[PDB]
Amino acid sequence: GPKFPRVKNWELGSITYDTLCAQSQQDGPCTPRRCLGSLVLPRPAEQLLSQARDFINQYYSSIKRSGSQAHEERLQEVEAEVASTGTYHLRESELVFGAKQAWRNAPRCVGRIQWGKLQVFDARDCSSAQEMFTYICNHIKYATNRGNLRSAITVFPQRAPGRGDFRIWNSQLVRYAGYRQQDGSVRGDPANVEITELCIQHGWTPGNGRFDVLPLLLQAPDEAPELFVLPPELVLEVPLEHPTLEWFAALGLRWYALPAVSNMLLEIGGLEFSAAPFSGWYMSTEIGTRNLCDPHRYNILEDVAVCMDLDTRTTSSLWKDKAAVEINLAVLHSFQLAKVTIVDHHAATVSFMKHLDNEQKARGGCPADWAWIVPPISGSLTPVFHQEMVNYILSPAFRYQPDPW
Amino acid sequence: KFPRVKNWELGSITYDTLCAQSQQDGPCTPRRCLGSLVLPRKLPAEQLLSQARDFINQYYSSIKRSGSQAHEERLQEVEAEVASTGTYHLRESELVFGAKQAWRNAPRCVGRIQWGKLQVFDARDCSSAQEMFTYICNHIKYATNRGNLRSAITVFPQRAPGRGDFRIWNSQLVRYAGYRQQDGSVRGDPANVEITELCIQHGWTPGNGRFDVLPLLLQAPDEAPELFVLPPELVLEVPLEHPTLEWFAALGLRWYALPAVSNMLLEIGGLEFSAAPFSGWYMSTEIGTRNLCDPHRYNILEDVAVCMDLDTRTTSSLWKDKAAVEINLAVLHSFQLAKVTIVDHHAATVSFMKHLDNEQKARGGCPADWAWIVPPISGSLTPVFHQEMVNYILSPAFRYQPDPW
Ligand code: HEM
Ligand code: HEM
Ligand SMILES: N=C(Nc1ccc(CCNCc2cccc(NC(=N)c3cccs3)c2)cc1)c1cccs1
Ligand SMILES: N=C(Nc1ccc(CCNCc2cccc(NC(=N)c3cccs3)c2)cc1)c1cccs1
Ligand SMILES: C[C@H](O)[C@H](O)[C@H]1CNc2nc(N)[nH]c(=O)c2N1
Ligand SMILES: C[C@H](O)[C@H](O)[C@H]1CNc2nc(N)[nH]c(=O)c2N1
Ligand SMILES: [Zn+2]
């Protein structure tokens with residue numbers, strides 16, 4: 001057969017060959033001696049220029065003018081810019097294309113059926129932390145759209161030789177505080193203990209609840225970060241109730257509506273956008289299984305299981321699994337009632353299967369990280385469990401970047 | 001560079017230095033990770049000789065006698081035999097140690113905390129399919145033990161350059177028939193349709209239910225396989241019921257007690273054992289989730305859901321999740337009622353965590369395949385989901401081999 005990875009689906013018995021993987025330049029963490037697929041994060045004029053040429057070529061293909069005079073004029077303008085300034089700048093439509101392409105390229109994202117629908121706010125004129133805040137508020141208002149969520153990214157100025165970076169210090173735009181107690185336990189979200197304490201060092205007055213929304217810490221070039229409080233009314237939340245277990249509402253659980261990732265770097269054509277927050281909508285398992293049930297997060301499984309009167313003394317009762325299911329249903333049910341967009345892990349995975357097919361035909365493959373794409377409950381009940389996947393890095397890309405502090 | 005392996009739940013870090021001992025490439029390269037692939041892509045005396053020396057070294061080192069006269073002389077024996085004949089033979093105690101190590105080294109196996117407790121039956125004096133059967137029946141009887149299951153392996157004669165392999169054509173010693181319909185659908189276990197047809201074609205009189213136990217097709221070298229019906233009394237089965245849903249029993253479901261894999265090749269010291277069936281006990285999700293709920297297996301989710309009166313018309317009621325849970329619960333209950341060994345996925349993954357830790361101290365690492373270790377429901381509910389793992393090939397090993405027809 002073909003000299004490209006053979007990819008098999010064991011539910012349906014179908015085979016494809018990924019040819020797109022040939023376009024990867026960036027090495028991942030695996031070698032023939034050993035596989036590092038399950039690690040979460042394993043560890044220049046002509047270099048820029050060659051990434052930029054590639055990216056310009058990708059742009060020109062996407063609008064089908066590849067080889068054209070407009071294409072070769074653009075290449076020359078990019079090399080002239082780099083020639084004299086060490087960097088270059090994207091046209092507005094190049095930024096839009098490349099922000100969508102970074103999403104399309106993200107191997108860990110099961111939401112990619114939607115990749116073509118992204119509102120790109122171009123905030124590359126922003127020159128202060130105060131203005132970042134206005135741009136972020138606008139982003140939140142647009143994206144939240146009273147519950148009918150709309151995917152969006154706001155792109156602040158690119159990294160620039162010897163000026164400091166734009167950075168949003170928080171990992172998401174909405175995060176609940178995590179307060180380290182005297183006994184060493186945590187009130188609120190343990191994932192956010194460090195950002196929480198950073199907010200306090202920078203002058204935030206802390207509350208003492210389990211669902212306290214954090215302020216944002218925004219950093220403009222060569223300045224100390226500054227602290228901004230989201231107006232409450234911009235932060236849509238859904239209190240959690242269960243469709244038949246009446247007591248579930250009494251637990252006083254809630255989640256925010258808008259997942260908006262704020263600490264990743266968007267790389268396009270070798271240019272680096274260090275502040276570039278993006279939002280879509282939640283898959284229900286992110287809230288109901290990971291955020292509420294991870295032992296190192298809210299850790300609520302036992303409390304729910306006790307309310308359900310389950311046998312928590314023995315694993316073989318499947319207490320954990322029954323409680324998790326009900327917690328997931330409550331999340332789906334509560335978001336539905338509140339009219340806030342959300343997708344269940346069955347509907348999400350089916351649509352990702354459809355994405356896979358569309359990409360097979362459009363590009364000859366799709367990079368995907370099976371461990372992240374298969375949901376954290378009910379794995380083999382989703383079609384993605386049964387689908388082999390090839391993981392590789394393409395650019396444009398969203399990448400992790402070191403914390404600013 | 002050796003891998004750093006982080007547990008995200010506990011924040012603890014180890015380094016895997018055992019991967020340095022891998023002399024066998026897996027499917028990945030720096031350009032693309034193929035970890036999620038089920039089968040490998042690719043499926044002289046000097047070479048046999050170093051695998052042999054190496055394996056002989058592992059053995060002497062294991063009984064604490066490295067360097068001893070017994071050690072040097074055994075190396076001479078192996079060497080003289082290879083140089084003269086192109087092959088060699090193992091001593092019983094070497095074979096026992098080798099088989100245990102192959103199990104130890106199996107990256108896909110969550111049950112490895114048991115790796116030291118393996119009954120090894122030497123069947124290398126076997127010369128006919130009729131004798132293979134007698135050995136297999138003994139194995140089943142030993143391993144079943146009236147429900148108090150005991151791990152075992154029976155090793156038939158090695159591959160020899162001159163000749164055909166000893167082979168068990170069935171994939172397990174117990175398999176339910178799968179009868180294809182003229183309208184392409186399947187009765188019984190769709191996984192077993194080819195072997196079912198092979199059996200009829202070699203003269204088996206078929207049945208027509210959903211749980212008909214297959215005869216074995218056993219093949220001595222360079223001969224047609226022969227059919228052998230297992231005495232019903234050797235095949236312990238468990239009827240499935242639910243502790244509280246009275247109607248579940250009416251589904252008429254059952255499963256066999258004894259999982260015994262019979263188509264993998266066992267490789268020790270460069271020698272290859274094409275027939276080496278091995279058995280332990282089930283982890284409940286293997287029956288409950290995969291075998292009964294996979295869409296391409298018995299596929300009973302819908303029937304169970306209808307019985308539970310769930311809303312089947314929309315994914316977001318989590319009907320599938322709810323039914324799967326009750327099904328896994330029925331398996332555990334029914335195995336416990338029949339006094340038949342089984343382990344749930346919570347206890348199993350907890351034991352494997354302990355195994356990882358034992359191996360870290362004993363060997364500096366543990367090859368493991370994350371996609372296969374994390375169970376097919378309630379993944380993030382088990383500690384293994386949160387554990388990084390490094391997959392690689394050590395020998396002695398259990399490998400796949402081609403189907404013999
Ligand atoms: C439209 C609805 C969307 C859904 C339901 C969705 C769903 C998801 C989910 C469940 C994850 C895994 C999250 C985790 O375990 O922490 C994810 C990862 C990701 N998605 Fe999406 N996605 C959506 C839209 C977006 C958009 C709009 C972007 C960017 C423009 C995006 C980029 C990402 C990236 C970069 C990751 C990986 C993050 C990392 O590696 O840590 N997705 N997606
Ligand atoms: C004692 C209880 C044992 C348990 C509960 C157990 C559990 C399992 C499970 C659940 C799997 C995954 C199977 C699948 O999804 O199809 C597996 C794979 C495996 N285990 Fe075990 N194991 C046990 C003992 C053994 C023994 C005795 C051997 C060999 C001597 C063994 C060798 C294997 C091998 C080779 C695989 C990989 C099969 C493949 O790659 O297709 N295990 N183990
Ligand atoms: N915790 C660490 N790292 C870490 C890295 C990655 C992640 C996962 C980030 N996931 C958040 C996320 C990302 C992308 C999408 C979602 N969910 C969504 N539905 C969307 C968000 C935005 C658009 S859709 C959530 C968590 C911790 C550390 C390492 C060393 C010190 S701390
Ligand atoms: N069918 C193929 N491949 C294939 C690969 C893997 C599997 C899954 C094998 N798993 C069965 C199994 C293995 C190991 C353990 C268990 N379960 C157990 N608890 C134990 C069995 C023995 C001791 S413990 C089940 C099925 C088909 C092909 C061969 C050639 C071309 S396609
Ligand atoms: C070790 C392992 O990679 C880690 O726990 C992963 C597994 N899969 C995941 N999948 C998603 N979607 N999100 C995650 O945080 C993780 N965690
Ligand atoms: C594509 C994917 O690798 C395939 O469905 C795997 C996933 N994990 C598995 N895990 C186990 N334990 N057994 C399996 O058969 C599989 N199948
Ligand atoms: Zn890999």
# chains A, B, ... in the order shown; residues from 1 in each chain; ligands from 1

call {"tool": "residues_near_ligand", "arguments": {"ligand": "ligand 3", "cutoff": "6 Å", "atoms": "only C-alpha atoms and all ligand atoms", "output": "PyMOL selection string"}}
result
chain A and resi 259-261+278-283

call {"tool": "write_last_selection", "arguments": {"atoms": "N, CA, C and O atoms", "output": "compact mmCIF listing (two decimals), in the first residue's frame"}}
result
# COMPACT_ATOMS: atom_id res chain seq x y z
N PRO A 259 -16.21 29.16 28.27
CA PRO A 259 -14.85 28.76 28.40
C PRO A 259 -14.01 29.55 27.44
O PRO A 259 -14.23 29.47 26.24
N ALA A 260 -13.01 30.26 27.98
CA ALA A 260 -12.23 31.17 27.20
C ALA A 260 -10.75 31.06 27.68
O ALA A 260 -10.40 31.46 28.74
N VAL A 261 -9.96 30.43 26.86
CA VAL A 261 -8.62 30.10 27.18
C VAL A 261 -7.78 31.32 26.86
O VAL A 261 -7.78 31.83 25.74
N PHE A 278 -9.12 32.87 23.28
CA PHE A 278 -10.15 32.30 22.43
C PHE A 278 -11.24 31.59 23.22
O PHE A 278 -10.96 30.99 24.25
N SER A 279 -12.45 31.61 22.68
CA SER A 279 -13.66 31.03 23.40
C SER A 279 -14.49 30.24 22.46
O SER A 279 -14.43 30.48 21.26
N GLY A 280 -15.21 29.20 22.95
CA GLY A 280 -16.27 28.54 22.14
C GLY A 280 -17.41 28.24 23.10
O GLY A 280 -18.00 29.12 23.64
N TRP A 281 -17.59 26.98 23.39
CA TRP A 281 -18.60 26.49 24.35
C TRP A 281 -18.06 25.17 24.88
O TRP A 281 -17.10 24.59 24.32
N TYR A 282 -18.62 24.75 26.02
CA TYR A 282 -18.20 23.59 26.77
C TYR A 282 -18.78 22.28 26.18
O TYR A 282 -19.91 22.24 25.69
N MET A 283 -17.97 21.23 26.24
CA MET A 283 -18.52 19.87 26.23
C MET A 283 -18.76 19.51 27.67
O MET A 283 -17.95 19.83 28.57

call {"tool": "residues_around", "arguments": {"residues": "residue 211 (chain B)", "least_positions_apart": "3", "cutoff": "12 Å", "atoms": "only C-alpha atoms", "output": "list in words"}}
result
residues 174, 175, 176, 177, 178, 179, 187, 188, 189, 190, 192, 206, 207, 208, 214, 237, 238, 239, 252, 253, 254, 255, 256, 292 and 298 of chain B

call {"tool": "closest_atom_pairs", "arguments": {"of": "chain A", "to": "ligand 5", "cutoff": "12 Å", "atoms": "only C-alpha atoms and all ligand atoms", "output": "JSON lines"}}
result
{"residue": "A:36", "atom": "CA", "partner": "ligand 5", "partner_atom_place_in_ligand_line": "3 (O)", "distance": 9.5}
{"residue": "A:37", "atom": "CA", "partner": "ligand 5", "partner_atom_place_in_ligand_line": "3 (O)", "distance": 7.6}
{"residue": "A:38", "atom": "CA", "partner": "ligand 5", "partner_atom_place_in_ligand_line": "3 (O)", "distance": 4.2}
{"residue": "A:39", "atom": "CA", "partner": "ligand 5", "partner_atom_place_in_ligand_line": "3 (O)", "distance": 4.9}
{"residue": "A:40", "atom": "CA", "partner": "ligand 5", "partner_atom_place_in_ligand_line": "3 (O)", "distance": 4.8}
{"residue": "A:41", "atom": "CA", "partner": "ligand 5", "partner_atom_place_in_ligand_line": "3 (O)", "distance": 8.5}
{"residue": "A:42", "atom": "CA", "partner": "ligand 5", "partner_atom_place_in_ligand_line": "3 (O)", "distance": 10.5}
{"residue": "A:106", "atom": "CA", "partner": "ligand 5", "partner_atom_place_in_ligand_line": "12 (N)", "distance": 12.0}
{"residue": "A:107", "atom": "CA", "partner": "ligand 5", "partner_atom_place_in_ligand_line": "12 (N)", "distance": 10.3}
{"residue": "A:108", "atom": "CA", "partner": "ligand 5", "partner_atom_place_in_ligand_line": "12 (N)", "distance": 6.7}
{"residue": "A:109", "atom": "CA", "partner": "ligand 5", "partner_atom_place_in_ligand_line": "12 (N)", "distance": 7.6}
{"residue": "A:110", "atom": "CA", "partner": "ligand 5", "partner_atom_place_in_ligand_line": "12 (N)", "distance": 8.2}
{"residue": "A:111", "atom": "CA", "partner": "ligand 5", "partner_atom_place_in_ligand_line": "12 (N)", "distance": 10.9}
{"residue": "A:191", "atom": "CA", "partner": "ligand 5", "partner_atom_place_in_ligand_line": "15 (O)", "distance": 11.8}
{"residue": "A:282", "atom": "CA", "partner": "ligand 5", "partner_atom_place_in_ligand_line": "12 (N)", "distance": 11.6}
{"residue": "A:283", "atom": "CA", "partner": "ligand 5", "partner_atom_place_in_ligand_line": "12 (N)", "distance": 9.9}
{"residue": "A:284", "atom": "CA", "partner": "ligand 5", "partner_atom_place_in_ligand_line": "12 (N)", "distance": 11.6}
{"residue": "A:285", "atom": "CA", "partner": "ligand 5", "partner_atom_place_in_ligand_line": "12 (N)", "distance": 9.2}
{"residue": "A:286", "atom": "CA", "partner": "ligand 5", "partner_atom_place_in_ligand_line": "12 (N)", "distance": 7.8}
{"residue": "A:287", "atom": "CA", "partner": "ligand 5", "partner_atom_place_in_ligand_line": "13 (N)", "distance": 11.3}
{"residue": "A:289", "atom": "CA", "partner": "ligand 5", "partner_atom_place_in_ligand_line": "13 (N)", "distance": 10.7}
{"residue": "A:290", "atom": "CA", "partner": "ligand 5", "partner_atom_place_in_ligand_line": "15 (O)", "distance": 7.9}
{"residue": "A:291", "atom": "CA", "partner": "ligand 5", "partner_atom_place_in_ligand_line": "15 (O)", "distance": 10.0}
{"residue": "A:294", "atom": "CA", "partner": "ligand 5", "partner_atom_place_in_ligand_line": "15 (O)", "distance": 10.3}
{"residue": "A:296", "atom": "CA", "partner": "ligand 5", "partner_atom_place_in_ligand_line": "5 (O)", "distance": 11.7}
{"residue": "A:297", "atom": "CA", "partner": "ligand 5", "partner_atom_place_in_ligand_line": "15 (O)", "distance": 11.8}
{"residue": "A:345", "atom": "CA", "partner": "ligand 5", "partner_atom_place_in_ligand_line": "12 (N)", "distance": 10.9}
{"residue": "A:349", "atom": "CA", "partner": "ligand 5", "partner_atom_place_in_ligand_line": "12 (N)", "distance": 11.8}
{"residue": "A:368", "atom": "CA", "partner": "ligand 5", "partner_atom_place_in_ligand_line": "12 (N)", "distance": 11.2}
{"residue": "A:369", "atom": "CA", "partner": "ligand 5", "partner_atom_place_in_ligand_line": "10 (N)", "distance": 8.6}
{"residue": "A:370", "atom": "CA", "partner": "ligand 5", "partner_atom_place_in_ligand_line": "8 (N)", "distance": 8.1}
{"residue": "A:371", "atom": "CA", "partner": "ligand 5", "partner_atom_place_in_ligand_line": "8 (N)", "distance": 4.6}
{"residue": "A:372", "atom": "CA", "partner": "ligand 5", "partner_atom_place_in_ligand_line": "10 (N)", "distance": 3.1}
{"residue": "A:373", "atom": "CA", "partner": "ligand 5", "partner_atom_place_in_ligand_line": "12 (N)", "distance": 5.5}
{"residue": "A:374", "atom": "CA", "partner": "ligand 5", "partner_atom_place_in_ligand_line": "12 (N)", "distance": 6.9}
{"residue": "A:375", "atom": "CA", "partner": "ligand 5", "partner_atom_place_in_ligand_line": "12 (N)", "distance": 6.4}
{"residue": "A:376", "atom": "CA", "partner": "ligand 5", "partner_atom_place_in_ligand_line": "10 (N)", "distance": 7.0}
{"residue": "A:377", "atom": "CA", "partner": "ligand 5", "partner_atom_place_in_ligand_line": "10 (N)", "distance": 10.7}
{"residue": "A:379", "atom": "CA", "partner": "ligand 5", "partner_atom_place_in_ligand_line": "8 (N)", "distance": 11.1}

call {"tool": "closest_residue", "arguments": {"among": "A:225, A:116, A:147, A:231", "to": "ligand 1", "atoms": "only C-alpha atoms and all ligand atoms"}}
result
A:116

call {"tool": "residues_around", "arguments": {"residues": "region 31-47 of chain B", "least_positions_apart": "2", "cutoff": "6 Å", "atoms": "only C-alpha atoms", "output": "MDAnalysis selection string"}}
result
(chainID A and resid 27 388 390:392) or (chainID B and resid 27:29 49:50)

call {"tool": "closest_residue", "arguments": {"among": "A:35, A:353, A:52, A:275", "to": "residue 220 (chain A)", "atoms": "only C-alpha atoms"}}
result
A:275

call {"tool": "closest_atom_pairs", "arguments": {"of": "chain B", "to": "chain A", "cutoff": "8 Å", "atoms": "only C-alpha atoms", "output": "JSON lines"}}
result
{"residue": "B:3", "atom": "CA", "partner": "A:36", "partner_atom": "CA", "distance": 8.0}
{"residue": "B:4", "atom": "CA", "partner": "A:42", "partner_atom": "CA", "distance": 7.8}
{"residue": "B:5", "atom": "CA", "partner": "A:39", "partner_atom": "CA", "distance": 7.3}
{"residue": "B:6", "atom": "CA", "partner": "A:39", "partner_atom": "CA", "distance": 7.6}
{"residue": "B:9", "atom": "CA", "partner": "A:296", "partner_atom": "CA", "distance": 5.8}
{"residue": "B:10", "atom": "CA", "partner": "A:296", "partner_atom": "CA", "distance": 7.9}
{"residue": "B:19", "atom": "CA", "partner": "A:34", "partner_atom": "CA", "distance": 6.9}
{"residue": "B:22", "atom": "CA", "partner": "A:33", "partner_atom": "CA", "distance": 6.4}
{"residue": "B:23", "atom": "CA", "partner": "A:33", "partner_atom": "CA", "distance": 7.4}
{"residue": "B:24", "atom": "CA", "partner": "A:33", "partner_atom": "CA", "distance": 6.5}
{"residue": "B:25", "atom": "CA", "partner": "A:32", "partner_atom": "CA", "distance": 4.6}
{"residue": "B:26", "atom": "CA", "partner": "A:32", "partner_atom": "CA", "distance": 5.2}
{"residue": "B:27", "atom": "CA", "partner": "A:32", "partner_atom": "CA", "distance": 6.3}
{"residue": "B:28", "atom": "CA", "partner": "A:32", "partner_atom": "CA", "distance": 5.2}
{"residue": "B:29", "atom": "CA", "partner": "A:31", "partner_atom": "CA", "distance": 4.4}
{"residue": "B:30", "atom": "CA", "partner": "A:27", "partner_atom": "CA", "distance": 4.7}
{"residue": "B:31", "atom": "CA", "partner": "A:27", "partner_atom": "CA", "distance": 4.9}
{"residue": "B:32", "atom": "CA", "partner": "A:392", "partner_atom": "CA", "distance": 4.8}
{"residue": "B:33", "atom": "CA", "partner": "A:391", "partner_atom": "CA", "distance": 5.1}
{"residue": "B:34", "atom": "CA", "partner": "A:390", "partner_atom": "CA", "distance": 5.4}
{"residue": "B:35", "atom": "CA", "partner": "A:37", "partner_atom": "CA", "distance": 6.4}
{"residue": "B:36", "atom": "CA", "partner": "A:388", "partner_atom": "CA", "distance": 5.4}
{"residue": "B:37", "atom": "CA", "partner": "A:388", "partner_atom": "CA", "distance": 5.4}
{"residue": "B:38", "atom": "CA", "partner": "A:388", "partner_atom": "CA", "distance": 7.7}
{"residue": "B:41", "atom": "CA", "partner": "A:6", "partner_atom": "CA", "distance": 7.6}
{"residue": "B:289", "atom": "CA", "partner": "A:380", "partner_atom": "CA", "distance": 7.4}
{"residue": "B:290", "atom": "CA", "partner": "A:380", "partner_atom": "CA", "distance": 7.1}
{"residue": "B:293", "atom": "CA", "partner": "A:381", "partner_atom": "CA", "distance": 7.5}
{"residue": "B:294", "atom": "CA", "partner": "A:381", "partner_atom": "CA", "distance": 7.0}
{"residue": "B:295", "atom": "CA", "partner": "A:11", "partner_atom": "CA", "distance": 6.9}
{"residue": "B:296", "atom": "CA", "partner": "A:11", "partner_atom": "CA", "distance": 5.7}
{"residue": "B:315", "atom": "CA", "partner": "A:346", "partner_atom": "CA", "distance": 6.1}
{"residue": "B:316", "atom": "CA", "partner": "A:344", "partner_atom": "CA", "distance": 6.0}
{"residue": "B:317", "atom": "CA", "partner": "A:329", "partner_atom": "CA", "distance": 6.8}
{"residue": "B:318", "atom": "CA", "partner": "A:329", "partner_atom": "CA", "distance": 6.7}
{"residue": "B:320", "atom": "CA", "partner": "A:381", "partner_atom": "CA", "distance": 7.3}
{"residue": "B:321", "atom": "CA", "partner": "A:378", "partner_atom": "CA", "distance": 6.2}
{"residue": "B:322", "atom": "CA", "partner": "A:325", "partner_atom": "CA", "distance": 7.0}
{"residue": "B:325", "atom": "CA", "partner": "A:322", "partner_atom": "CA", "distance": 6.9}
{"residue": "B:329", "atom": "CA", "partner": "A:318", "partner_atom": "CA", "distance": 6.9}
{"residue": "B:332", "atom": "CA", "partner": "A:316", "partner_atom": "CA", "distance": 6.9}
{"residue": "B:344", "atom": "CA", "partner": "A:316", "partner_atom": "CA", "distance": 6.0}
{"residue": "B:346", "atom": "CA", "partner": "A:315", "partner_atom": "CA", "distance": 6.1}
{"residue": "B:347", "atom": "CA", "partner": "A:315", "partner_atom": "CA", "distance": 6.6}
{"residue": "B:370", "atom": "CA", "partner": "A:38", "partner_atom": "CA", "distance": 6.5}
{"residue": "B:371", "atom": "CA", "partner": "A:371", "partner_atom": "CA", "distance": 6.7}
{"residue": "B:375", "atom": "CA", "partner": "A:379", "partner_atom": "CA", "distance": 7.9}
{"residue": "B:376", "atom": "CA", "partner": "A:379", "partner_atom": "CA", "distance": 4.9}
{"residue": "B:377", "atom": "CA", "partner": "A:378", "partner_atom": "CA", "distance": 4.1}
{"residue": "B:378", "atom": "CA", "partner": "A:377", "partner_atom": "CA", "distance": 4.2}
{"residue": "B:379", "atom": "CA", "partner": "A:376", "partner_atom": "CA", "distance": 5.1}
{"residue": "B:380", "atom": "CA", "partner": "A:376", "partner_atom": "CA", "distance": 5.0}
{"residue": "B:381", "atom": "CA", "partner": "A:320", "partner_atom": "CA", "distance": 7.0}
{"residue": "B:388", "atom": "CA", "partner": "A:39", "partner_atom": "CA", "distance": 5.3}
{"residue": "B:389", "atom": "CA", "partner": "A:38", "partner_atom": "CA", "distance": 6.3}
{"residue": "B:390", "atom": "CA", "partner": "A:36", "partner_atom": "CA", "distance": 5.7}
{"residue": "B:391", "atom": "CA", "partner": "A:35", "partner_atom": "CA", "distance": 5.1}
{"residue": "B:392", "atom": "CA", "partner": "A:34", "partner_atom": "CA", "distance": 4.9}
{"residue": "B:393", "atom": "CA", "partner": "A:33", "partner_atom": "CA", "distance": 7.8}

call {"tool": "residues_around", "arguments": {"residues": "residue 268 (chain B)", "least_positions_apart": "4", "cutoff": "8 Å", "atoms": "only C-alpha atoms", "output": "list in words"}}
result
residues 55, 95, 98, 99, 102, 272, 395, 396 and 397 of chain B

call {"tool": "closest_residue", "arguments": {"among": "A:222, A:265, A:206, A:196", "to": "residue 396 (chain A)", "atoms": "only C-alpha atoms"}}
result
A:265

call {"tool": "residues_near_ligand", "arguments": {"ligand": "ligand 4", "cutoff": "6 Å", "atoms": "only C-alpha atoms and all ligand atoms", "output": "NGL selection string"}}
result
:B and (259-261 or 278-283 or 402-403)

call {"tool": "write_last_selection", "arguments": {"atoms": "N, CA and C atoms", "output": "short mmCIF file (atom, residue, chain, number, x, y, z; two decimals), in the first residue's frame"}}
result
data_model
loop_
_atom_site.label_atom_id
_atom_site.label_comp_id
_atom_site.auth_asym_id
_atom_site.auth_seq_id
_atom_site.Cartn_x
_atom_site.Cartn_y
_atom_site.Cartn_z
N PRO B 259 -10.92 -16.15 30.61
CA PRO B 259 -10.40 -15.55 29.46
C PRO B 259 -9.06 -16.18 29.13
N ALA B 260 -8.95 -16.80 27.94
CA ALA B 260 -7.72 -17.51 27.53
C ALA B 260 -7.37 -17.27 26.12
N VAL B 261 -6.33 -16.43 25.97
CA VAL B 261 -5.93 -15.93 24.69
C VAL B 261 -4.98 -16.93 24.06
N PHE B 278 -2.64 -18.53 27.12
CA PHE B 278 -2.49 -18.04 28.49
C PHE B 278 -3.81 -17.50 28.97
N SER B 279 -4.01 -17.59 30.28
CA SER B 279 -5.26 -17.21 30.90
C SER B 279 -5.11 -16.58 32.27
N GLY B 280 -6.05 -15.70 32.65
CA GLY B 280 -6.10 -15.17 34.03
C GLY B 280 -7.54 -15.09 34.43
N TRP B 281 -8.02 -13.88 34.69
CA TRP B 281 -9.44 -13.65 34.95
C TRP B 281 -9.79 -12.31 34.32
N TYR B 282 -11.09 -12.06 34.20
CA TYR B 282 -11.60 -10.89 33.57
C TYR B 282 -11.57 -9.67 34.48
N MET B 283 -11.42 -8.51 33.84
CA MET B 283 -11.78 -7.23 34.45
C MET B 283 -13.20 -6.93 33.92
N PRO B 402 0.52 -13.59 12.24
CA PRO B 402 -0.54 -13.68 11.23
C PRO B 402 -1.55 -14.78 11.49
N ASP B 403 -2.76 -14.65 10.98
CA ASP B 403 -3.73 -15.73 11.11
C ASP B 403 -3.23 -16.87 10.23
#

call {"tool": "atom_distance", "arguments": {"atom1": "CA of residue 323 (chain B)", "atom2": "CA of residue 308 (chain B)"}}
result
7.7 Å

call {"tool": "residues_near_ligand", "arguments": {"ligand": "ligand 2", "cutoff": "7 Å", "atoms": "only C-alpha atoms and all ligand atoms", "output": "list in words"}}
result
residues 99, 100, 103, 106, 108, 109, 110, 111, 112, 114, 115, 118, 151, 152, 153, 278, 279, 280, 281, 282, 283, 286, 343, 348, 372 and 398 of chain B

call {"tool": "select_by_dssp", "arguments": {"residues": "region 185-214 of chain B", "states": "strand (DSSP E or B)", "output": "PyMOL selection string"}}
result
chain B and resi 186-188+213

call {"tool": "closest_residue", "arguments": {"among": "B:287, B:56, B:368, B:13", "to": "ligand 7", "atoms": "only C-alpha atoms and all ligand atoms"}}
result
B:368

call {"tool": "residues_around", "arguments": {"residues": "residue 62 (chain B)", "least_positions_apart": "4", "cutoff": "12 Å", "atoms": "only C-alpha atoms", "output": "list in words"}}
result
residues 55, 56, 57, 58, 66, 71, 93, 94, 96, 97, 98, 100, 101, 362 and 363 of chain B

call {"tool": "residues_around", "arguments": {"residues": "residue 57 (chain A)", "least_positions_apart": "3", "cutoff": "12 Å", "atoms": "only C-alpha atoms", "output": "list in words"}}
result
residues 50, 51, 52, 53, 54, 60, 61, 62, 63, 64, 65, 66, 67, 68, 70, 71, 72, 73, 74, 75, 78, 94, 98 and 269 of chain A
